[PDB]
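All remarks here apply to the structure that follows.
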6 protein chains.
Amino acid sequence: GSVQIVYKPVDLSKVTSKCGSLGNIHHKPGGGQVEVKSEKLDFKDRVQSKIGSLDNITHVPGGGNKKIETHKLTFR
Amino acid sequence: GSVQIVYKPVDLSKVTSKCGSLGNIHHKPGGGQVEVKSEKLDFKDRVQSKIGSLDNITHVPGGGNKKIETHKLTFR
Amino acid sequence: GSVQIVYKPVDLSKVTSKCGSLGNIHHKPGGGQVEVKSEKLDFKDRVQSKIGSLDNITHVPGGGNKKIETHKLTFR
Amino acid sequence: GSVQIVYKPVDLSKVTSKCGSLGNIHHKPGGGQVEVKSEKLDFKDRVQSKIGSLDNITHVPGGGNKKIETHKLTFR
Amino acid sequence: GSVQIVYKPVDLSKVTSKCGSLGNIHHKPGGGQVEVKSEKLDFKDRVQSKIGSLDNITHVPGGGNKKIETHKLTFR
Amino acid sequence: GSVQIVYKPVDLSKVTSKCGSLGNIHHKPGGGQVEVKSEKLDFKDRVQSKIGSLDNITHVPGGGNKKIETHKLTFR
């Protein structure tokens, strides 16, 4: 008797990760008339003043990919 | 008896990572009339003033890819 | 009796990483009329003043790729 | 009597046109298993066959801008 | 009497035209398994076959900018 | 009697045209398994076959800019 073995798996698979700030940011502060005036203020501790600024902070410790694949043909 | 073994797996697979600040930032501060005037202020500790500034901070400790593939043919 | 072994695996696979500031930054501060005047201010500790500045800070400790592939044919 | 005339108009205006194919095209034909087949066909006249092709055809005869501005100071 | 005439118009205006194929094209035809096959066909007239091709055709007869500005100071 | 005339108009205006293929083209045909085949075909007239090709055709008869500016000071 004749034997023919044809081991031809085809892998076209996609493993994909997109992580972080994906969307677009359109920030248009001002445009009209803006007055932020301050006269006589006294500060005993720390100040942050943010006027029309943008902070984008992105951390990606994750988002990695792992593909493990084993092909084995054992004959007799 | 005749034996023919054809080990021809095909790999076209894609493992992909995109991580961090992916999206576009369109920041247009001002455009109109903006006045941030300050007259008599007194500060005893640290000050941040941000006016129309952009900070983009991206950390990617992650986003790595790992592909392990083992092919084995053993005959008799 | 005849034996024919054809070990011809094909690899066209793609392992890819893109990490960090991927997206475009369009920062257009000012454009109209902007006045940041300050008259009589007193500061006892550190000051940051940012007016229309851009900081892009990117750290990529990650984003590395690891491909391990083992091919083995053993006969008798 | 003293005369002081101060002609200081400020123009910060934007006249802007964007015309044509503005949006992004993401065309991914195939992806799975596609078989297009034809055995015995006879054509007496013209044939177009399009399989996963993209045509983007853009005509912009318009989209032009016209700004006319006249400044005039006439004294006595 | 004294006469002082100050004629200091400021023009910072922007006239801008962007015309044609503005958006990005991402065309990824195939990707999976695509078979296009034809056996016994007969064509008496013209044939176009397009398989995964891209045609971008951009005509811009328009998109031009015209700025006319006249400044005039006339005294006595 | 004294006369002082100060004709100092300021022009920082921008006239700009960008016309044609503005956007990016990312064309990645094939990628997986593509078979195009044809056995016994007969053609009596002209054939175009496009397989994964890119044509970018740009005509810009337009997109020109015209700035006319006239400054005039006339005294007595």
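Every chain in the structure tokens takes a letter, A first, then B, and so on in the order presented; its residues are numbered from 1, and the ligands are numbered from 1 following the presented order.
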**Request:** Using DSSP on the backbone coordinates, identify the residues of region 12-57 of chain C assigned to strand (DSSP E); present them as a VMD selection string.
**Result:** chain C and resid 14 to 21 25 to 27 33 to 35 42 to 43 47 to 51 54 to 57
Would you save the residues from that selection as a compact mmCIF listing (two decimals), in the first residue's frame, using N, CA, C and O atoms?
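Result file follows (again-v2.txt):
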```
# COMPACT_ATOMS: atom_id res chain seq x y z
N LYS C 14 4.87 38.65 9.69
CA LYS C 14 5.32 39.98 10.09
C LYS C 14 5.12 40.16 11.59
O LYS C 14 4.00 40.05 12.08
N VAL C 15 6.20 40.43 12.33
CA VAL C 15 6.13 40.83 13.75
C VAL C 15 6.56 42.29 13.85
O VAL C 15 7.69 42.61 13.50
N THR C 16 5.68 43.17 14.30
CA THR C 16 5.87 44.62 14.21
C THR C 16 5.45 45.31 15.50
O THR C 16 4.40 45.02 16.06
N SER C 17 6.23 46.27 15.95
CA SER C 17 5.91 47.14 17.07
C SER C 17 6.11 48.60 16.68
O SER C 17 7.19 48.96 16.21
N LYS C 18 5.11 49.46 16.88
CA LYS C 18 5.27 50.92 16.85
C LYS C 18 4.81 51.52 18.17
O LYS C 18 3.63 51.42 18.51
N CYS C 19 5.70 52.17 18.91
CA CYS C 19 5.42 52.66 20.25
C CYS C 19 5.86 54.11 20.43
O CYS C 19 6.93 54.50 19.95
N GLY C 20 5.06 54.91 21.13
CA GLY C 20 5.40 56.28 21.53
C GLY C 20 4.40 57.31 21.02
O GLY C 20 3.19 57.10 21.06
N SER C 21 4.89 58.45 20.56
CA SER C 21 4.08 59.50 19.95
C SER C 21 3.82 59.19 18.47
O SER C 21 4.56 59.63 17.60
N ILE C 25 0.88 66.23 15.87
CA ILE C 25 0.57 67.36 16.74
C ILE C 25 0.49 68.62 15.87
O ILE C 25 1.48 69.01 15.26
N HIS C 26 -0.66 69.27 15.86
CA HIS C 26 -0.88 70.58 15.25
C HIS C 26 -1.21 71.58 16.35
O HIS C 26 -2.36 71.70 16.77
N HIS C 27 -0.21 72.30 16.83
CA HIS C 27 -0.37 73.27 17.92
C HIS C 27 -0.15 74.68 17.38
O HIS C 27 0.94 75.01 16.93
N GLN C 33 -5.54 87.85 19.24
CA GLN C 33 -4.86 88.80 20.12
C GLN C 33 -4.75 88.21 21.53
O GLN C 33 -5.77 87.90 22.14
N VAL C 34 -3.54 88.02 22.04
CA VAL C 34 -3.27 87.48 23.38
C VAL C 34 -2.41 88.45 24.18
O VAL C 34 -1.34 88.83 23.72
N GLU C 35 -2.83 88.84 25.39
CA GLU C 35 -2.06 89.66 26.32
C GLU C 35 -1.94 88.98 27.69
O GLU C 35 -2.94 88.64 28.31
N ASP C 42 4.96 88.91 43.51
CA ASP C 42 6.07 88.48 44.36
C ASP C 42 6.08 86.94 44.55
O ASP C 42 5.04 86.39 44.91
N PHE C 43 7.19 86.24 44.31
CA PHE C 43 7.29 84.78 44.40
C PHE C 43 8.41 84.36 45.35
O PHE C 43 9.57 84.71 45.13
N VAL C 47 8.97 79.07 40.06
CA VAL C 47 7.95 79.42 39.06
C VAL C 47 8.23 78.70 37.75
O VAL C 47 9.33 78.80 37.22
N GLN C 48 7.23 78.02 37.20
CA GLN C 48 7.17 77.72 35.77
C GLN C 48 6.09 78.58 35.14
O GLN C 48 4.93 78.52 35.55
N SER C 49 6.44 79.35 34.12
CA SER C 49 5.48 80.01 33.24
C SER C 49 5.65 79.45 31.84
O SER C 49 6.71 79.57 31.24
N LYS C 50 4.60 78.82 31.31
CA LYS C 50 4.53 78.32 29.93
C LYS C 50 3.46 79.08 29.17
O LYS C 50 2.29 78.98 29.50
N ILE C 51 3.84 79.80 28.12
CA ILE C 51 2.91 80.55 27.27
C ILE C 51 3.06 80.02 25.84
O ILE C 51 4.08 80.25 25.20
N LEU C 54 5.19 73.95 23.57
CA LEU C 54 4.93 72.53 23.37
C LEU C 54 6.03 71.69 24.05
O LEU C 54 7.21 71.85 23.74
N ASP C 55 5.66 70.78 24.94
CA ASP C 55 6.51 69.67 25.39
C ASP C 55 5.96 68.32 24.95
O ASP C 55 4.86 67.94 25.33
N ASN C 56 6.74 67.56 24.19
CA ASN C 56 6.45 66.17 23.88
C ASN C 56 7.51 65.31 24.58
O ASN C 56 8.70 65.42 24.29
N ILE C 57 7.09 64.47 25.52
CA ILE C 57 7.97 63.60 26.29
C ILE C 57 7.56 62.17 26.01
O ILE C 57 6.42 61.78 26.27
```
Could you write out chain C as a compact mmCIF listing (two decimals) with N, CA and C atoms, in the first residue's frame once it has been least-squares superposed on chain A using every ordered C-alpha pair?
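The resulting out_15.txt:
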```txt
# COMPACT_ATOMS: atom_id res chain seq x y z
N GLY C 1 1.93 -1.35 -0.07
CA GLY C 1 0.85 -0.35 -0.06
C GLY C 1 1.39 1.06 0.10
N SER C 2 0.80 2.03 -0.60
CA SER C 2 1.26 3.43 -0.65
C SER C 2 0.73 4.29 0.51
N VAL C 3 1.55 5.20 1.04
CA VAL C 3 1.14 6.25 1.98
C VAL C 3 1.55 7.63 1.46
N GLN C 4 0.61 8.58 1.42
CA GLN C 4 0.86 9.99 1.12
C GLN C 4 0.36 10.88 2.25
N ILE C 5 1.26 11.67 2.85
CA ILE C 5 0.94 12.63 3.92
C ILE C 5 1.18 14.05 3.40
N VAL C 6 0.19 14.92 3.48
CA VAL C 6 0.28 16.32 3.04
C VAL C 6 -0.06 17.23 4.21
N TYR C 7 0.96 17.63 4.97
CA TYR C 7 0.83 18.57 6.07
C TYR C 7 1.07 20.00 5.56
N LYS C 8 0.01 20.73 5.21
CA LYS C 8 0.08 22.11 4.71
C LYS C 8 -0.96 23.03 5.36
N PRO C 9 -0.93 23.21 6.69
CA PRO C 9 -1.73 24.22 7.36
C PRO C 9 -1.39 25.62 6.84
N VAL C 10 -2.38 26.48 6.65
CA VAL C 10 -2.19 27.87 6.19
C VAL C 10 -2.56 28.83 7.30
N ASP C 11 -1.66 29.74 7.66
CA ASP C 11 -1.92 30.78 8.64
C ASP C 11 -1.79 32.17 8.00
N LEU C 12 -2.92 32.86 7.91
CA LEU C 12 -3.08 34.26 7.51
C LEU C 12 -3.69 35.08 8.65
N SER C 13 -3.73 34.54 9.87
CA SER C 13 -4.35 35.18 11.02
C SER C 13 -3.63 36.45 11.45
N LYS C 14 -4.39 37.36 12.06
CA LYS C 14 -3.92 38.67 12.50
C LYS C 14 -4.11 38.79 14.01
N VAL C 15 -3.03 39.03 14.75
CA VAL C 15 -3.08 39.38 16.18
C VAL C 15 -2.63 40.83 16.33
N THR C 16 -3.51 41.70 16.81
CA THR C 16 -3.29 43.16 16.78
C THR C 16 -3.71 43.81 18.08
N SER C 17 -2.91 44.75 18.56
CA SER C 17 -3.21 45.58 19.72
C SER C 17 -3.00 47.05 19.38
N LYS C 18 -3.99 47.91 19.61
CA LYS C 18 -3.81 49.37 19.63
C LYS C 18 -4.26 49.93 20.97
N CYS C 19 -3.36 50.54 21.73
CA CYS C 19 -3.63 50.99 23.09
C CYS C 19 -3.17 52.43 23.31
N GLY C 20 -3.95 53.21 24.05
CA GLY C 20 -3.60 54.56 24.49
C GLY C 20 -4.59 55.62 24.02
N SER C 21 -4.08 56.77 23.60
CA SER C 21 -4.89 57.85 23.03
C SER C 21 -5.15 57.60 21.54
N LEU C 22 -6.20 56.82 21.25
CA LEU C 22 -6.61 56.43 19.90
C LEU C 22 -7.34 57.55 19.15
N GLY C 23 -8.25 58.27 19.81
CA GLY C 23 -9.11 59.28 19.20
C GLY C 23 -8.43 60.63 18.99
N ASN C 24 -8.99 61.45 18.10
CA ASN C 24 -8.48 62.79 17.82
C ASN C 24 -8.90 63.79 18.89
N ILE C 25 -8.03 64.75 19.19
CA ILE C 25 -8.32 65.86 20.10
C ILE C 25 -8.38 67.14 19.29
N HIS C 26 -9.53 67.81 19.30
CA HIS C 26 -9.74 69.14 18.74
C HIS C 26 -10.05 70.11 19.88
N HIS C 27 -9.04 70.80 20.37
CA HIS C 27 -9.18 71.73 21.49
C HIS C 27 -8.95 73.16 21.00
N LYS C 28 -9.98 74.00 21.07
CA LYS C 28 -10.00 75.37 20.52
C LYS C 28 -10.39 76.41 21.59
N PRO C 29 -9.64 76.54 22.68
CA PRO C 29 -9.99 77.44 23.77
C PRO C 29 -9.82 78.90 23.35
N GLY C 30 -10.67 79.77 23.86
CA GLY C 30 -10.67 81.18 23.49
C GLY C 30 -11.72 81.42 22.43
N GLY C 31 -11.33 81.79 21.21
CA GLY C 31 -12.22 81.95 20.06
C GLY C 31 -13.09 83.20 20.09
N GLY C 32 -13.72 83.49 21.23
CA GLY C 32 -14.44 84.72 21.52
C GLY C 32 -13.59 85.70 22.32
N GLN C 33 -14.17 86.31 23.34
CA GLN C 33 -13.48 87.23 24.25
C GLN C 33 -13.38 86.59 25.63
N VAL C 34 -12.16 86.37 26.13
CA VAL C 34 -11.89 85.78 27.45
C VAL C 34 -11.01 86.71 28.29
N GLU C 35 -11.43 87.06 29.50
CA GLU C 35 -10.64 87.84 30.46
C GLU C 35 -10.52 87.12 31.80
N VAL C 36 -9.29 86.73 32.15
CA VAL C 36 -9.00 86.20 33.47
C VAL C 36 -8.00 87.15 34.10
N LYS C 37 -8.55 88.21 34.68
CA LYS C 37 -7.79 89.12 35.57
C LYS C 37 -7.97 88.85 37.07
N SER C 38 -6.87 88.93 37.82
CA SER C 38 -6.85 88.76 39.27
C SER C 38 -6.03 89.86 39.95
N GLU C 39 -6.57 90.49 40.99
CA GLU C 39 -6.03 91.77 41.48
C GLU C 39 -5.10 91.66 42.69
N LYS C 40 -5.58 91.10 43.81
CA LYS C 40 -4.97 91.29 45.14
C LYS C 40 -4.73 89.97 45.88
N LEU C 41 -4.69 88.87 45.14
CA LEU C 41 -4.68 87.51 45.69
C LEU C 41 -3.42 87.19 46.50
N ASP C 42 -3.55 86.42 47.58
CA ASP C 42 -2.44 85.95 48.41
C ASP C 42 -2.45 84.41 48.55
N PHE C 43 -1.35 83.70 48.28
CA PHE C 43 -1.27 82.24 48.31
C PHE C 43 -0.14 81.77 49.24
N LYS C 44 -0.46 80.96 50.25
CA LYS C 44 0.52 80.43 51.21
C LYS C 44 1.10 79.06 50.82
N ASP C 45 0.51 78.37 49.85
CA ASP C 45 0.95 77.07 49.34
C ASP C 45 0.91 77.02 47.80
N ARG C 46 1.12 75.84 47.20
CA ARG C 46 1.31 75.68 45.75
C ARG C 46 0.08 76.06 44.94
N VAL C 47 0.32 76.66 43.77
CA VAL C 47 -0.69 77.06 42.79
C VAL C 47 -0.43 76.38 41.46
N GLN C 48 -1.44 75.73 40.89
CA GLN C 48 -1.51 75.48 39.45
C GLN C 48 -2.58 76.38 38.85
N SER C 49 -2.23 77.17 37.85
CA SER C 49 -3.18 77.88 37.01
C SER C 49 -3.03 77.36 35.58
N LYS C 50 -4.09 76.77 35.04
CA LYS C 50 -4.17 76.31 33.65
C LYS C 50 -5.23 77.11 32.92
N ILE C 51 -4.85 77.86 31.89
CA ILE C 51 -5.78 78.65 31.07
C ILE C 51 -5.64 78.17 29.63
N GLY C 52 -6.65 77.48 29.11
CA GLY C 52 -6.67 76.97 27.74
C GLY C 52 -5.56 75.98 27.38
N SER C 53 -4.88 75.38 28.35
CA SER C 53 -3.82 74.39 28.10
C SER C 53 -4.38 73.00 27.80
N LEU C 54 -3.59 72.16 27.14
CA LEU C 54 -3.86 70.74 26.89
C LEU C 54 -2.78 69.87 27.54
N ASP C 55 -3.15 68.93 28.40
CA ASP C 55 -2.31 67.80 28.80
C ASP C 55 -2.88 66.47 28.32
N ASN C 56 -2.11 65.73 27.53
CA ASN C 56 -2.42 64.35 27.17
C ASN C 56 -1.37 63.46 27.84
N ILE C 57 -1.79 62.59 28.75
CA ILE C 57 -0.92 61.69 29.49
C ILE C 57 -1.35 60.27 29.16
N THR C 58 -0.46 59.48 28.57
CA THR C 58 -0.73 58.10 28.17
C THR C 58 0.29 57.17 28.81
N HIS C 59 -0.18 56.19 29.58
CA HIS C 59 0.61 55.08 30.09
C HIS C 59 0.09 53.77 29.50
N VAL C 60 0.95 53.01 28.84
CA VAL C 60 0.61 51.66 28.36
C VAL C 60 1.63 50.65 28.89
N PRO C 61 1.45 50.14 30.13
CA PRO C 61 2.18 48.96 30.61
C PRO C 61 1.73 47.66 29.94
N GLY C 62 0.50 47.63 29.42
CA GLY C 62 -0.12 46.49 28.76
C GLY C 62 0.07 46.50 27.25
N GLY C 63 -0.97 46.09 26.53
CA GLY C 63 -1.02 46.12 25.07
C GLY C 63 -0.07 45.17 24.34
N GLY C 64 0.66 44.30 25.04
CA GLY C 64 1.56 43.31 24.43
C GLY C 64 0.82 42.12 23.83
N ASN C 65 1.42 41.49 22.82
CA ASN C 65 0.86 40.34 22.12
C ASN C 65 1.78 39.13 22.31
N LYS C 66 1.19 37.95 22.50
CA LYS C 66 1.90 36.67 22.62
C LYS C 66 1.23 35.63 21.74
N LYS C 67 1.92 35.19 20.70
CA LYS C 67 1.50 34.10 19.82
C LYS C 67 2.45 32.93 20.01
N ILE C 68 1.93 31.81 20.48
CA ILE C 68 2.65 30.54 20.56
C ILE C 68 1.97 29.58 19.60
N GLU C 69 2.73 29.03 18.66
CA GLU C 69 2.19 28.05 17.74
C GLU C 69 3.14 26.87 17.60
N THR C 70 2.65 25.65 17.79
CA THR C 70 3.46 24.43 17.66
C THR C 70 2.87 23.52 16.59
N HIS C 71 3.66 23.20 15.58
CA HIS C 71 3.33 22.25 14.52
C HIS C 71 4.13 20.98 14.71
N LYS C 72 3.48 19.82 14.67
CA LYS C 72 4.14 18.53 14.86
C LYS C 72 3.58 17.48 13.91
N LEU C 73 4.45 16.87 13.12
CA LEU C 73 4.17 15.65 12.37
C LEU C 73 5.14 14.56 12.82
N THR C 74 4.63 13.46 13.37
CA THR C 74 5.43 12.27 13.72
C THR C 74 4.90 11.02 13.03
N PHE C 75 5.79 10.31 12.34
CA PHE C 75 5.46 9.14 11.54
C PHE C 75 6.13 7.89 12.14
N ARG C 76 5.33 6.87 12.49
CA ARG C 76 5.78 5.59 13.07
C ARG C 76 6.75 5.76 14.26
```
